[PDB]
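Here the structure comes first, spelled out in structure tokens, and everything after it is commentary.
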Amino acid sequence: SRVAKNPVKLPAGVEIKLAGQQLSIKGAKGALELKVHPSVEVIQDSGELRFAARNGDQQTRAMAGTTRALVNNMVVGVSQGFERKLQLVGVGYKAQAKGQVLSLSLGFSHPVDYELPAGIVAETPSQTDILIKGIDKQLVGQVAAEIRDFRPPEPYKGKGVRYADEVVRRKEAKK
Amino acid sequence: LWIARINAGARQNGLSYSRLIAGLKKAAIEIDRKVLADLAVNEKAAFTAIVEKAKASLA
Amino acid sequence: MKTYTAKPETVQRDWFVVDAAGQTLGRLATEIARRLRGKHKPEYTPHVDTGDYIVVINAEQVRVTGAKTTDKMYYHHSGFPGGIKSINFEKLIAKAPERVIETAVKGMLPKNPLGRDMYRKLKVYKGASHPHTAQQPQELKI
Amino acid sequence: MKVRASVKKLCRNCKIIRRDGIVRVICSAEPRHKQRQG
Amino acid sequence: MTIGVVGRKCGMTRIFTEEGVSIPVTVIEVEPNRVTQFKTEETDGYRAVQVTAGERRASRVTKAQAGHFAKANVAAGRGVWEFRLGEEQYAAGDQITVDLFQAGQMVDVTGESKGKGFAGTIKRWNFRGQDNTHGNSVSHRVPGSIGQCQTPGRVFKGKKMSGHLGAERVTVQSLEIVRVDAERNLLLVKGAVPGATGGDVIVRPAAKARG
RNA sequence: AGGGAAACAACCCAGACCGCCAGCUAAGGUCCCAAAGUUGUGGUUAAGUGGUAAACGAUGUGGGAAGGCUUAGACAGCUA
RNA sequence: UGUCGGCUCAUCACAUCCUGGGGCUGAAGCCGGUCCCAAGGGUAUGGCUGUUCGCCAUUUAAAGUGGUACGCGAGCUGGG
RNA sequence: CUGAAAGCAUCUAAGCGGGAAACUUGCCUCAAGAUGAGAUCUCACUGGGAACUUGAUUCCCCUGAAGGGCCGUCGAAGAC
Ligand SMILES: [Mg+2]
Ligand SMILES: [Mg+2]
Ligand SMILES: [Mg+2]
Ligand SMILES: [Mg+2]
Ligand SMILES: [Mg+2]
Ligand SMILES: [Mg+2]
Ligand SMILES: [Mg+2]
Ligand SMILES: [Mg+2]
Ligand SMILES: [Mg+2]
Ligand SMILES: [Mg+2]
Ligand SMILES: [Mg+2]
Ligand SMILES: [Mg+2]
Ligand SMILES: [Mg+2]
Ligand SMILES: [Mg+2]
Ligand SMILES: [Mg+2]
Ligand SMILES: [Mg+2]
Ligand SMILES: [Mg+2]
Ligand SMILES: [Mg+2]
Ligand SMILES: [Mg+2]
Ligand SMILES: [Mg+2]
Ligand SMILES: [Mg+2]
Ligand SMILES: [Mg+2]
Ligand SMILES: [Mg+2]
Ligand SMILES: [Mg+2]
Ligand SMILES: [Mg+2]
Ligand SMILES: [Mg+2]
Ligand SMILES: [Mg+2]
Ligand SMILES: [Mg+2]
Ligand SMILES: [Mg+2]
Ligand SMILES: [Mg+2]
Ligand SMILES: [Mg+2]
Ligand SMILES: [Mg+2]
Ligand SMILES: [Mg+2]
Ligand SMILES: [Mg+2]
Ligand SMILES: [Mg+2]
Ligand SMILES: [Mg+2]
Ligand SMILES: [Mg+2]
Ligand SMILES: [Mg+2]
Ligand SMILES: [Mg+2]
Ligand SMILES: [Mg+2]
Ligand SMILES: [Mg+2]
Ligand SMILES: [Mg+2]
Ligand SMILES: [Mg+2]
Ligand SMILES: [Mg+2]
Ligand SMILES: [Mg+2]
Ligand SMILES: [Mg+2]
Ligand SMILES: [Mg+2]
Ligand SMILES: [Mg+2]
Ligand SMILES: [Mg+2]
Ligand SMILES: [Mg+2]
Ligand SMILES: [Mg+2]
Ligand SMILES: [Mg+2]
Ligand SMILES: [Mg+2]
Ligand SMILES: [Mg+2]
Ligand SMILES: [Mg+2]
Ligand SMILES: [Mg+2]
Ligand SMILES: [Mg+2]
Ligand SMILES: [Mg+2]
Ligand SMILES: [Mg+2]
Ligand SMILES: [Mg+2]
Ligand SMILES: [Zn+2]
């Protein structure tokens, strides 16, 4: 476990509270992080966050690295909000963000209304670019993947909503 | 039927059937299962005295 | 000097209450079946009902080990062609929590008129309370 | 996806993964190299 | 569902629209219904209301039923029915008329169908007959085979055989209301209603709705 | 014939003179149906494998004997 | 223990013919090919022949493959 | 999607989602002989003695209610 031997190095403006196996982080631009730990993994409290196991088990060793990743994600989220960038390709493919509803026109017979849950907020700097900001990776990624499912990229022209950092396999018609 | 009754009565005194027979045979007692089953039901005070004799035989 | 036999008229029946709140289904059920039959009494005879009364309170909190929570399957046939019907452990707890404990114990009892009489002394509920405070059951472990 | 009794790597981006007790081959380069079972 | 009225089948007729189309109609007399008992959560479990309609002689109502009809001053009637309501409020002694229905307003009608006595397999189950010629021996309308050889070796339960095209209860769903004659207590329903003339029918709002 | 292998002439144990509400064992067994260890000590399996089946395939898991690189910086990642 | 075919009446398996959900494609679209999941409901009429089968004519979303004493004569027929 | 074992990658090992005419409801009918025999409203009955094998006992006299049936006139109900 190389990752479990690396501390987190929480920045200057953060706050921690360990109620036994219960953990939370306070931060600016977002707070109220919640998580409950399996009883086989330990989080010491000091000026630095460190993790260690309790058993010599294989599964326990695997969980000692997952929790280090999860704690790292919450610390960043309450300081630098995560985001994902979506890109729309195709004629007539435009989207307008209206508060908590994102209106998408993807070549169907009716624009679709996507509801953004609490936390994440979306805004479109253009009509062919989306931005889903948030303070937790799991919710930002899941909602970005839900939007992407409406019209996944085509292999012949790239048409459809895609990730802004995605490689798309392109091929040509044999005809 | 007798074995099923000595088993139920021996566990009231804190011992299984198979451990009671080993203790009885090890020390001295040669009473039948027909009489042991009868003492278990009627004469529960004598049965306890017999069981404490089998327990005291370290078996 | 004949062997003592239990008369169905002068038997003593006590009431016990058991909490199924973290107990394995099959290891809780074997202790219930012993008490229901009377095997724990020196007066046991095979042809009379000489057991005790058992009350189970937290039926829905019984558990199974391994992957049996999903893969354990209950079948029954309705009598019409193609009438085999099935349900698993997760669904049955949601539907009828009591039918889980009742089914386990019922298969550990004899299949005859006396076996069905042993089965009528088992009361299974899903709350933390039972309606038998008059009979004053006493707590039984396992 | 190709279902065979003997699955194995076909190039240098195929990866062997065991997923819910099934051996699968996933390819990051060519989708034609996806396999199941085996 | 959840509320309705009890009526009598008066017979079928037609009405012409100004555009010239004729609509088949079943006329249903709904004598005003009287609430007999209101059932709640703390007394019965489910929620429902109990309703009586019609009128009965004093020598045909027993002392047990007369005292039930007198706890709520209702006066006895033919039959007693109960409607299972989701969330409304009624008090014992109310009146329920055809005035919970409008024109349009798809409804469901329930009644005891006409009784065929002891029907054969052709009439009851739409079996098809064997040959009427070409050598057939006294086996024209008979059912035929009812099983297989040694495998099974017993007829399967649910086999379609003859007997009693019944006077069961059947519902006809999604029937349109054409006219609601409030003063003469009539409901005009487009289409056919189960049962013969004079039988008691139950009218409830359509359960399926949509189309 | 009797006991076991669920039921099961030819398999396993064992060869019924009669009676007994006496004891010890064979094969096979000891959570409940159903007599008898929810016995003790050290490991293995996560597949209900146990409680059916091959060529072949797979970073499942335990044990053993050795090897090639490696604080002169090894193997993965990243900047030329 | 009455042996082919027809008629009446069926019931099950899934190695799926249609309808349903998907991966790959030498998949632009419309139509396709192949594999995976899926048994809820459906699944021709005639000319020839004793025919099952088969070949034809015209349809259909499709005209599935099999087990049931090659299901079914104390249910019919009797062409072979 | 998040994510380590295995600094990478990875839908899985912990955790969180989408997903079909198949499954469970939703629609229609039967259904407390569901011997586990369920629930609600209302109604009827308010006398004496004896023998004991002294209480879920038997015998006699008086008194038979709520209601049900027999009977008759029938019925779009029906083989009876
Ligand atoms: Mg294969
Ligand atoms: Mg899955
Ligand atoms: Mg009639
Ligand atoms: Mg015909
Ligand atoms: Mg003929
Ligand atoms: Mg003749
Ligand atoms: Mg004739
Ligand atoms: Mg026959
Ligand atoms: Mg049979
Ligand atoms: Mg049938
Ligand atoms: Mg034998
Ligand atoms: Mg065998
Ligand atoms: Mg035997
Ligand atoms: Mg012995
Ligand atoms: Mg031995
Ligand atoms: Mg038996
Ligand atoms: Mg035993
Ligand atoms: Mg142990
Ligand atoms: Mg198994
Ligand atoms: Mg097996
Ligand atoms: Mg036919
Ligand atoms: Mg049918
Ligand atoms: Mg079958
Ligand atoms: Mg299949
Ligand atoms: Mg198909
Ligand atoms: Mg399909
Ligand atoms: Mg398809
Ligand atoms: Mg396809
Ligand atoms: Mg099917
Ligand atoms: Mg099928
Ligand atoms: Mg089918
Ligand atoms: Mg079917
Ligand atoms: Mg099915
Ligand atoms: Mg369905
Ligand atoms: Mg034809
Ligand atoms: Mg043809
Ligand atoms: Mg011909
Ligand atoms: Mg066969
Ligand atoms: Mg065959
Ligand atoms: Mg066949
Ligand atoms: Mg045949
Ligand atoms: Mg056949
Ligand atoms: Mg014939
Ligand atoms: Mg024939
Ligand atoms: Mg004949
Ligand atoms: Mg026959
Ligand atoms: Mg005949
Ligand atoms: Mg001839
Ligand atoms: Mg002739
Ligand atoms: Mg990762
Ligand atoms: Mg990933
Ligand atoms: Mg998981
Ligand atoms: Mg879902
Ligand atoms: Mg449909
Ligand atoms: Mg009843
Ligand atoms: Mg009742
Ligand atoms: Mg009367
Ligand atoms: Mg009277
Ligand atoms: Mg009556
Ligand atoms: Mg008559
Ligand atoms: Zn590859």
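To be explicit about the labels: the chains of the structure tokens are called A, B, and onward in the order shown, and within each one the residues are counted from 1, while ligands get numbers from 1 in the order they are shown.
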
What are the nearest atom pairs, with distances in Å to one decimal, for all residues of range 2-77 of chain F that come at most 12 Å from range 25-45 of chain C, using only C-alpha atoms (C1' of nucleotides), set out by chain and rising residue number as a tab-separated table?
residue	atom	partner	partner_atom	distance
F:31	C1'	C:30	CA	6.6
F:32	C1'	C:30	CA	5.5
F:33	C1'	C:33	CA	9.9
F:38	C1'	C:27	CA	8.6

File of the preceding selection, C-alpha atoms (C1' of nucleotides), as a PDB file, in the first residue's frame:
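Below is the file part.pdb, written as the result:
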ATOM      1  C1'   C F  31     -27.487 -29.320  15.007  1.00  0.00           C
ATOM      2  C1'   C F  32     -33.349 -30.789  14.189  1.00  0.00           C
ATOM      3  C1'   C F  33     -36.596 -34.571  11.630  1.00  0.00           C
ATOM      4  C1'   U F  38     -23.296 -27.201  18.512  1.00  0.00           C
TER       5        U F  38
END

Requested in this report: Could the residues of chain H within 10 Å of chain C, counting only C-alpha atoms (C1' of nucleotides), be given as number ranges by chain, please?
Outcome: H: 23-24, 36

Residues just named, written with N, CA and C atoms (P, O5', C5', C4', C3', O3' and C1' of nucleotides) as a PDB file, in the first residue's frame:
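As a result, result-v1.pdb now contains:
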ATOM      1  P     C H  23     -43.537 -12.979 -15.793  1.00  0.00           P
ATOM      2  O5'   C H  23     -42.681 -12.738 -14.477  1.00  0.00           O
ATOM      3  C5'   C H  23     -42.069 -13.817 -13.788  1.00  0.00           C
ATOM      4  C4'   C H  23     -41.426 -13.335 -12.515  1.00  0.00           C
ATOM      5  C3'   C H  23     -42.356 -12.616 -11.553  1.00  0.00           C
ATOM      6  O3'   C H  23     -43.056 -13.513 -10.711  1.00  0.00           O
ATOM      7  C1'   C H  23     -40.388 -11.337 -11.863  1.00  0.00           C
ATOM      8  P     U H  24     -44.552 -13.190 -10.241  1.00  0.00           P
ATOM      9  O5'   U H  24     -44.393 -11.913  -9.308  1.00  0.00           O
ATOM     10  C5'   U H  24     -43.862 -12.029  -7.999  1.00  0.00           C
ATOM     11  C4'   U H  24     -44.028 -10.748  -7.224  1.00  0.00           C
ATOM     12  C3'   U H  24     -45.393 -10.091  -7.311  1.00  0.00           C
ATOM     13  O3'   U H  24     -46.340 -10.674  -6.435  1.00  0.00           O
ATOM     14  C1'   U H  24     -43.712  -8.465  -7.638  1.00  0.00           C
ATOM     15  P     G H  36     -55.347 -24.157  13.343  1.00  0.00           P
ATOM     16  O5'   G H  36     -55.590 -22.602  13.130  1.00  0.00           O
ATOM     17  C5'   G H  36     -55.504 -21.695  14.221  1.00  0.00           C
ATOM     18  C4'   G H  36     -55.369 -20.267  13.753  1.00  0.00           C
ATOM     19  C3'   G H  36     -56.344 -19.841  12.658  1.00  0.00           C
ATOM     20  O3'   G H  36     -56.690 -18.470  12.843  1.00  0.00           O
ATOM     21  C1'   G H  36     -54.129 -19.573  11.891  1.00  0.00           C
TER      22        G H  36
END

Requested in this report: Going by DSSP on the backbone, which bits of chain B are alpha helix (DSSP H)? Write them as number ranges by chain, please.
Outcome: B: 2-12, 17-27, 33-41, 44-55

Query raised in the report: Got a sec to check which residues lie within 6 Å of ligand 43, using only C-alpha atoms (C1' of nucleotides) and all ligand atoms, and send them as a ChimeraX atom specification?
Result: /G:73,76-77

Please give me, as a PDB file with N, CA and C atoms (P, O5', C5', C4', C3', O3' and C1' of nucleotides), in the first residue's frame, the residues lying within 9 Å of ligand 24 when counting only C-alpha atoms (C1' of nucleotides) and all ligand atoms.
ATOM      1  P     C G  14     -36.210 -23.733 -19.757  1.00  0.00           P
ATOM      2  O5'   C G  14     -35.477 -23.416 -21.127  1.00  0.00           O
ATOM      3  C5'   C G  14     -34.487 -24.295 -21.642  1.00  0.00           C
ATOM      4  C4'   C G  14     -34.156 -23.970 -23.074  1.00  0.00           C
ATOM      5  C3'   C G  14     -33.769 -22.513 -23.324  1.00  0.00           C
ATOM      6  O3'   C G  14     -32.679 -22.441 -24.236  1.00  0.00           O
ATOM      7  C1'   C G  14     -35.585 -23.116 -24.721  1.00  0.00           C
ATOM      8  P     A G  15     -31.339 -21.668 -23.809  1.00  0.00           P
ATOM      9  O5'   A G  15     -30.441 -21.717 -25.115  1.00  0.00           O
ATOM     10  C5'   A G  15     -30.202 -22.946 -25.782  1.00  0.00           C
ATOM     11  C4'   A G  15     -30.512 -22.852 -27.252  1.00  0.00           C
ATOM     12  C3'   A G  15     -31.994 -22.789 -27.596  1.00  0.00           C
ATOM     13  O3'   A G  15     -32.174 -22.053 -28.806  1.00  0.00           O
ATOM     14  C1'   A G  15     -31.060 -24.784 -28.462  1.00  0.00           C
ATOM     15  P     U G  16     -32.112 -20.448 -28.810  1.00  0.00           P
ATOM     16  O5'   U G  16     -33.026 -20.027 -30.040  1.00  0.00           O
ATOM     17  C5'   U G  16     -34.354 -20.519 -30.183  1.00  0.00           C
ATOM     18  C4'   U G  16     -35.243 -19.518 -30.878  1.00  0.00           C
ATOM     19  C3'   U G  16     -34.522 -18.309 -31.463  1.00  0.00           C
ATOM     20  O3'   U G  16     -35.201 -17.878 -32.638  1.00  0.00           O
ATOM     21  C1'   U G  16     -36.090 -17.584 -29.855  1.00  0.00           C
ATOM     22  P     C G  36     -24.674 -16.734 -28.042  1.00  0.00           P
ATOM     23  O5'   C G  36     -24.890 -15.536 -27.016  1.00  0.00           O
ATOM     24  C5'   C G  36     -23.908 -15.235 -26.039  1.00  0.00           C
ATOM     25  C4'   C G  36     -24.297 -14.056 -25.183  1.00  0.00           C
ATOM     26  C3'   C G  36     -25.629 -14.146 -24.463  1.00  0.00           C
ATOM     27  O3'   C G  36     -25.592 -14.963 -23.308  1.00  0.00           O
ATOM     28  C1'   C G  36     -25.405 -12.010 -25.427  1.00  0.00           C
ATOM     29  P     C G  37     -26.903 -15.770 -22.859  1.00  0.00           P
ATOM     30  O5'   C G  37     -27.935 -14.634 -22.439  1.00  0.00           O
ATOM     31  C5'   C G  37     -27.724 -13.863 -21.269  1.00  0.00           C
ATOM     32  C4'   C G  37     -28.836 -12.871 -21.029  1.00  0.00           C
ATOM     33  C3'   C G  37     -30.249 -13.418 -20.976  1.00  0.00           C
ATOM     34  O3'   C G  37     -30.554 -14.075 -19.761  1.00  0.00           O
ATOM     35  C1'   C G  37     -30.218 -11.420 -22.228  1.00  0.00           C
ATOM     36  P     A G  38     -31.593 -15.299 -19.744  1.00  0.00           P
ATOM     37  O5'   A G  38     -32.950 -14.676 -20.290  1.00  0.00           O
ATOM     38  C5'   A G  38     -33.711 -13.782 -19.496  1.00  0.00           C
ATOM     39  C4'   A G  38     -34.850 -13.182 -20.279  1.00  0.00           C
ATOM     40  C3'   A G  38     -35.880 -14.161 -20.813  1.00  0.00           C
ATOM     41  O3'   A G  38     -36.826 -14.552 -19.836  1.00  0.00           O
ATOM     42  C1'   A G  38     -35.272 -12.648 -22.518  1.00  0.00           C
TER      43        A G  38
END
